[PDB]
file coords30.cif (mmCIF, N, CA, C and O atoms and all ligand atoms)
data_structure
#
loop_
_atom_site.group_PDB
_atom_site.id
_atom_site.type_symbol
_atom_site.label_atom_id
_atom_site.label_comp_id
_atom_site.auth_asym_id
_atom_site.auth_seq_id
_atom_site.Cartn_x
_atom_site.Cartn_y
_atom_site.Cartn_z
ATOM 1 N N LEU A 1 12.583 41.596 -2.552
ATOM 2 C CA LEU A 1 13.221 40.847 -1.501
ATOM 3 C C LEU A 1 14.103 41.777 -0.637
ATOM 4 O O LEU A 1 13.996 41.794 0.585
ATOM 5 N N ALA A 2 14.967 42.569 -1.275
ATOM 6 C CA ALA A 2 15.839 43.472 -0.550
ATOM 7 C C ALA A 2 14.988 44.372 0.367
ATOM 8 O O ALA A 2 15.289 44.566 1.547
ATOM 9 N N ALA A 3 13.899 44.913 -0.166
ATOM 10 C CA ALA A 3 13.026 45.814 0.596
ATOM 11 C C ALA A 3 12.415 45.108 1.809
ATOM 12 O O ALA A 3 12.273 45.708 2.873
ATOM 13 N N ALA A 4 12.037 43.838 1.623
ATOM 14 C CA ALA A 4 11.421 43.043 2.675
ATOM 15 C C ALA A 4 12.330 42.982 3.912
ATOM 16 O O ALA A 4 11.891 42.984 5.051
ATOM 17 N N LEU A 5 13.642 42.921 3.656
ATOM 18 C CA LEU A 5 14.624 42.925 4.737
ATOM 19 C C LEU A 5 14.934 44.347 5.223
ATOM 20 O O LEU A 5 15.080 44.573 6.422
ATOM 21 N N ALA A 6 15.056 45.276 4.271
ATOM 22 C CA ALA A 6 15.457 46.651 4.519
ATOM 23 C C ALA A 6 14.532 47.384 5.487
ATOM 24 O O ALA A 6 14.923 48.351 6.137
ATOM 25 N N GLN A 7 13.290 46.918 5.576
ATOM 26 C CA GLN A 7 12.355 47.557 6.508
ATOM 27 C C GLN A 7 12.902 47.551 7.942
ATOM 28 O O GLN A 7 12.547 48.456 8.713
ATOM 29 N N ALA A 8 13.740 46.582 8.297
ATOM 30 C CA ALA A 8 14.377 46.515 9.621
ATOM 31 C C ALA A 8 15.140 47.814 9.942
ATOM 32 O O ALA A 8 15.286 48.190 11.104
ATOM 33 N N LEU A 9 15.660 48.441 8.872
ATOM 34 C CA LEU A 9 16.435 49.689 8.951
ATOM 35 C C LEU A 9 15.697 50.864 8.388
ATOM 36 O O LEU A 9 16.242 51.905 8.064
HETATM 37 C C1 LIG B 101 11.669 42.630 -2.224
HETATM 38 O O1 LIG B 101 11.542 42.994 -1.083
HETATM 39 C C2 LIG B 101 11.078 43.433 -3.357
HETATM 40 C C3 LIG B 101 11.571 43.425 -4.638
HETATM 41 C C4 LIG B 101 10.974 44.237 -5.572
HETATM 42 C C5 LIG B 101 9.901 45.003 -5.213
HETATM 43 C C6 LIG B 101 9.272 45.910 -6.229
HETATM 44 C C7 LIG B 101 8.242 46.715 -5.823
HETATM 45 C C8 LIG B 101 7.677 47.585 -6.733
HETATM 46 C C9 LIG B 101 8.173 47.614 -7.998
HETATM 47 C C10 LIG B 101 7.532 48.587 -8.980
HETATM 48 O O2 LIG B 101 6.713 49.394 -8.715
HETATM 49 O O3 LIG B 101 8.056 48.419 -10.252
HETATM 50 C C11 LIG B 101 7.545 49.340 -11.217
HETATM 51 C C12 LIG B 101 8.222 48.934 -12.551
HETATM 52 C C13 LIG B 101 9.226 46.787 -8.347
HETATM 53 N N1 LIG B 101 9.758 45.971 -7.450
HETATM 54 N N2 LIG B 101 9.431 44.997 -3.978
HETATM 55 C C14 LIG B 101 9.998 44.232 -3.052
HETATM 56 N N1 LIG B 102 14.315 50.673 8.223
HETATM 57 N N2 LIG B 102 13.580 51.642 7.586
HETATM 58 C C1 LIG B 102 13.148 52.802 8.298
HETATM 59 O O1 LIG B 102 13.427 53.017 9.452
HETATM 60 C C2 LIG B 102 12.334 53.729 7.453
HETATM 61 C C3 LIG B 102 11.244 54.361 8.053
HETATM 62 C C4 LIG B 102 10.463 55.208 7.334
HETATM 63 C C5 LIG B 102 10.777 55.438 6.030
HETATM 64 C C6 LIG B 102 9.901 56.370 5.277
HETATM 65 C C7 LIG B 102 10.189 56.548 3.949
HETATM 66 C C8 LIG B 102 9.405 57.375 3.215
HETATM 67 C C9 LIG B 102 8.346 58.014 3.815
HETATM 68 C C10 LIG B 102 7.506 58.883 2.908
HETATM 69 N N3 LIG B 102 6.353 59.428 3.499
HETATM 70 O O2 LIG B 102 7.760 59.051 1.750
HETATM 71 C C11 LIG B 102 8.083 57.805 5.172
HETATM 72 N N4 LIG B 102 8.878 56.995 5.864
HETATM 73 N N5 LIG B 102 11.804 54.805 5.439
HETATM 74 C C12 LIG B 102 12.574 53.960 6.110
#

call {"tool": "encode", "arguments": {"input": "coords30.cif", "output": "structure tokens", "more": "lines below"}}
Ligand SMILES: *C(=O)c1ccc(-c2ccc(C(=O)OCC)cn2)nc1
Ligand SMILES: *NNC(=O)c1ccc(-c2ccc(C(N)=O)cn2)nc1
result
Amino acid sequence: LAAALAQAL
């Protein structure tokens, strides 16, 4: 989940 969002950065 964290990675799914982290791709933005
Ligand atoms: C959420 O974006 C998220 C959470 C966890 C994972 C993930 C990917 C790969 C592994 C892995 O290779 O584990 C080996 C024990 C674990 N968790 N991806 C994305
Ligand atoms: N928000 N994330 C990024 O901007 C980001 C872009 C690219 C990468 C990355 C990581 C690792 C490799 C590699 N070849 O091992 C390439 N690009 N991370 C984050």

call {"tool": "atom_distance", "arguments": {"input": "coords30.cif", "atom1": "atom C11 of ligand LIG 101 (chain B)", "atom2": "atom C of residue 8 (chain A)"}}
result
22.5 Å

call {"tool": "atom_distance", "arguments": {"input": "coords30.cif", "atom1": "CA of residue 7 (chain A)", "atom2": "atom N5 of ligand LIG 102 (chain B)"}}
result
7.3 Å

call {"tool": "residues_near_ligand", "arguments": {"input": "coords30.cif", "ligand": "ligand LIG 101 (chain B)", "cutoff": "4.5 Å", "atoms": "all atoms listed in the file", "output": "number ranges by chain"}}
result
A: 1-4

call {"tool": "atom_distance", "arguments": {"input": "coords30.cif", "atom1": "atom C2 of ligand LIG 102 (chain B)", "atom2": "atom N of residue 9 (chain A)"}}
result
6.4 Å

call {"tool": "axis_aligned_box", "arguments": {"input": "coords30.cif", "around": "chain A", "padding_each_side": "5 Å", "output": "JSON"}}
result
{"center_x": 13.9, "center_y": 46.4, "center_z": 4.3, "size_x": 15.0, "size_y": 21.1, "size_z": 23.7}

call {"tool": "select_by_dssp", "arguments": {"input": "coords30.cif", "residues": "chain A", "states": "helix (DSSP H, G or I)", "output": "mmCIF file with N, CA, C and O atoms, keeping the file's coordinate frame"}}
result
data_model
loop_
_atom_site.group_PDB
_atom_site.id
_atom_site.type_symbol
_atom_site.label_atom_id
_atom_site.label_comp_id
_atom_site.auth_asym_id
_atom_site.auth_seq_id
_atom_site.Cartn_x
_atom_site.Cartn_y
_atom_site.Cartn_z
ATOM 1 N N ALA A 2 14.967 42.569 -1.275
ATOM 2 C CA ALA A 2 15.839 43.472 -0.550
ATOM 3 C C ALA A 2 14.988 44.372 0.367
ATOM 4 O O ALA A 2 15.289 44.566 1.547
ATOM 5 N N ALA A 3 13.899 44.913 -0.166
ATOM 6 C CA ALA A 3 13.026 45.814 0.596
ATOM 7 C C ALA A 3 12.415 45.108 1.809
ATOM 8 O O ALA A 3 12.273 45.708 2.873
ATOM 9 N N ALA A 4 12.037 43.838 1.623
ATOM 10 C CA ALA A 4 11.421 43.043 2.675
ATOM 11 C C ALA A 4 12.330 42.982 3.912
ATOM 12 O O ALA A 4 11.891 42.984 5.051
ATOM 13 N N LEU A 5 13.642 42.921 3.656
ATOM 14 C CA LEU A 5 14.624 42.925 4.737
ATOM 15 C C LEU A 5 14.934 44.347 5.223
ATOM 16 O O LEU A 5 15.080 44.573 6.422
ATOM 17 N N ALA A 6 15.056 45.276 4.271
ATOM 18 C CA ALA A 6 15.457 46.651 4.519
ATOM 19 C C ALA A 6 14.532 47.384 5.487
ATOM 20 O O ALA A 6 14.923 48.351 6.137
#
